[PDB]
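A quick write-up on the structure given underneath.
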């Protein structure tokens, strides 16, 4: 993040230098038009006015990008503040103040919503897709922090309070998932699509930890629905992972997709294990059936790794 | 604050898009002027140049507003750093290092002055008044943190050091009060004036806690002057609160002004109680006389609530 | 830093106001050109277009400067996060988790590299030299935090891991030193050159603490090279300090250079003391010879202080 603050600052410094140069050439065209005007000489003068505004627009573009990088760093500090207050509320539950920790967690939830609204805004207006991925990488941390909040509520006994929190993280995962899918779809390089796939693999594991926590509350009826969203997302990611490795600039992008495709298999095992504990063994064996589909997909990738 | 970073970023993204569109229309006018020039056709071309610069000015406006939101978030993190170092210096007084805590508090005081200089600057150049209110909301926290500093100095025995700190927060309250009064005076909507009134009610309570702390030091001669500023400010706020509730867009703005007007009464009770402890019972009964004025003002508001 | 956020915001607010005024004068020139055009009247109209873009360029300049100040504050918070994690890893070594602290220190090292890349970028594109000095002041803290990391590695027994860290801080000191030398060379006022000299005196002491830590590991062969860079840097700084005090706007700048020149002498004593422990007493007496050169340089400065 701090390195993206560096790049956006260096590129902003270049555009501002060229904008200052195009300003001096704008004033030289004032001299060229002060000596003698003409009907067609003005055309070449407006060429500088256009180059002046376009140099200003590009500077205001990178300036907005540098502010985005500064906004991503402030948002990262906001997540760390929430994490400190979560561990603080965790300390309160362990120390004995289980009642006061519920006020610290309701603060962090309003904080998480506020950092979410910023990160989602930073993701939409992202001239560079790395701004969106870094924003999604922090939105992922907000979701995992939302899961850690619900586990403290469940540990404190506020199971009804934790379900709504888990339902909120469930809706946050889908929103970030759709953003990550757009980044991967529109990814010009295979590296950016793989970075979105690494976060998508995490959003599935977050979706799994929600399901197990939903099972611990007793809401085995909704953890089924949540596992249906994780199993669906794994299929999309696997489609993406197989496509990234098929059209591989470097073979290192295929092996990393092979590692992630193994993770989709492993995460699919826990889904079937959790579906077994829910009693839905029929849908669990179908989940294992998808795992054997992905296993074959990983196996054929390792063959291209050697062949 | 993080939500204001979102709004300013989204509005910046829109202005930058329209600035890029007005750039392409600027280059289309280069084509329209390359084919054939004229004496009056140039007029409509400059219309785009004006729309190009105005689209750039508005983008540089929202960009400055987004930087202000980023500056308000960095300032909020600065207040939290000061608060951690205050609680740290509080731990040092409780642990035994009352001598080293005085260096931590002198650091935080120089920090508070620096965050104050930024927040006051952010308040002046606020294209949106919410930038100024959020800035005032953090300047309020700086003042309460300045009060907590002086109480640690008083608890550590540095009564002479705490008075100057309390005199510094007294001068900070007036500065933020004048800003809050300008925001409420110039408030287009009753919501913004009520938000300034909520902070004004806090600045009075801060001014009261300074007075009691000034009484604990023995400077009952200056706590009188400080209570004279709190009693004056309550009158101004009550004038504002009664006016906000009179011209109420929603009746919910009147009840909140009724709650605050009750707080002005309660805060006025402590002023008379502190003036009683100072011995100025004559000015204390006059303070109770203002409380009965506000009580009647609250009562008539509740009648309009029902009538 | 927060005060520089204030100044850059206030100056940005002024440029944006004048940019809005020059926008209205741009639209008045649209009226002046709508009534009647001419061949030479257009010249004075383009004068406003030039003043409009130049008012926009200066606003985009201060806007980039305000973002730099916001980037310097975010970088300062990043150093404080690294320092908290260093003290945390220090707690882990004292508590017993010497193995897990090595993962916290490798995180902080990647953090230090990232804050370094930003601060170095902020230093290059610094319209105001105070942006570069504040950036160098934080890069100095990154180096001292890098030294505290290596001492924990040495205390944990990872001497081979600490040497590379110390070699990394050694290369960081030179980079910041060259920046500080450029700031002092190009300093218009003697105050800015003295501020660079105060950090240069610290980079030498950091370079000394690296040498002693390199001696504690046993790498007395490289601490010699490091002390050769500190002894060289002291000569450059002393040349700078004597020149700053010679051409002194205020005499207070000479006494502060006298204090720093004493520090260069003291730091030169430890170099000779460390070179004595390394066995290089021959180069150590030559280091004392430079100390007596600086002593005479300080003595002659105190004579001008009185004469």
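Chains as they are written, first to last, in the entry's author numbering: chain A, 1 to 307; chain A', 1 to 307; chain A'', 1 to 307. A prime marks a further copy of an entry chain. C-beta: ideal position from N, C-alpha, C; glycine also.
Under the three-state reduction of DSSP, residue 169(A') is assigned to helix.
DSSP, read as helix, strand or coil, puts residue 116(A'') in helix. For residue 26(A'') against residue 53(A'), the beta-carbon gap comes to about 6 Å, under 8 Å, which counts as contact.
Taking C-alpha positions only, residue 218(A') is separated from residue 87(A') by approximately 25 Å.
Residue 1(A'') and residue 34(A'') have their C-alpha atoms some 49 Å from each other. Shown here, residue 87(A'') sits in a helix according to DSSP, grouped into three states. Collapsing the DSSP output to three states places residue 248(A') in coil. Distance from the Cα of residue 149(A'') is smallest, within the candidate group 263(A''), 130(A''), 122(A'') and 107(A''), for 107(A''). Cβ neighbours of residue 38(A'') within its own chain (closer than 6 Å, five residues either side excluded): none. The C-beta distance from residue 47(A) to residue 22(A) rounds to 11 Å, too long to meet the 8 Å contact threshold. Contact with chain A is absent for residue 212(A''), since none of that chain's Cβ atoms lies less than 7 Å from the residue's Cβ.
If only uninterrupted alpha helix (DSSP H) runs of at least 4 residues are considered, those enclosed by the region 132-217 of chain A' are 159-185 and 190-217.
Below the 8 Å Cβ cutoff, chain A contributes 43 as neighbours of residue 34(A'), in chain order. Take the alpha-carbon of residue 173(A) and the one of residue 64(A): they are about 27 Å apart.
With a 10 Å radius around the Cβ and a threshold of 16 neighbouring Cβ atoms, residue 209(A') comes out buried. With a cutoff of 7 Å on beta-carbon distance, residue 122(A) and residue 211(A) are scored as not near each other. Taking 8 Å as the Cβ-Cβ cut-off, the region 66-96 of chain A approaches chain A' at 67, 68, 70, 71, 74, 75, 77, 78 and 81, given in chain order. At a Cβ-Cβ threshold of 7 Å, residue 241(A') and residue 298(A') do not count as neighbours. The way I'd put it, the region 94-105 of chain A' doesn't touch the region 119-135 of chain A'; fewer than three beta-carbon pairs between them come closer than 8 Å. If you check each beta-carbon in the region 10-25 of chain A against every beta-carbon of chain A'', the ones closer than 8 Å belong to 10, 12, 13, 16, 19, 20 and 23. According to the DSSP assignment, residue 8(A') belongs to the alpha helix (DSSP H) that extends over 2-35. Taking the C-beta atoms as reference points, residue 140(A) is found no nearer than 7 Å to residue 75(A). Straight through space, the alpha carbons of residue 66(A'') and residue 6(A) are spaced by roughly 15 Å. The C-beta distance from residue 138(A'') to residue 72(A'') rounds to 7 Å, short enough to fall under 8 Å. At a cut-off of 7 Å between C-beta atoms, residue 288(A') does not count as an interface residue with respect to chain A''. Residue 41(A) is classed as exposed because its beta carbon has fewer than 16 other beta carbons within 10 Å across all chains shown.
By the Cβ neighbour-count rule, residue 251(A) is exposed, with fewer than 16 other Cβ atoms within 10 Å of its own. Following the DSSP letters along the chain, one finds residue 284(A'') inside the alpha helix (DSSP H) bounded by residues 281-306. When rounded, the separation of the alpha-carbon atoms in residue 57(A') and residue 235(A'') is 50 Å. In this structure, the CA atom of residue 213(A') is about 40 Å from the CA atom of residue 195(A''). Secondary structure of residue 40(A') (DSSP, three-state): coil.
Between residue 258(A') and residue 301(A'), the C-beta spacing is below 7 Å.
Its Cα nearest to that of residue 278(A''), the residue 216(A'') stands out among 216(A''), 60(A'') and 153(A'').
Straight-line spacing of the CA atoms in residue 153(A) and residue 111(A) works out to 17 Å. When rounded, the separation of the alpha-carbon atoms in residue 19(A') and residue 55(A) is 12 Å. Shown here for residue 245(A): same chain residues with a beta carbon closer than 6 Å to its own, the five before and five after excluded, namely 254, 257 and 301 in chain order.
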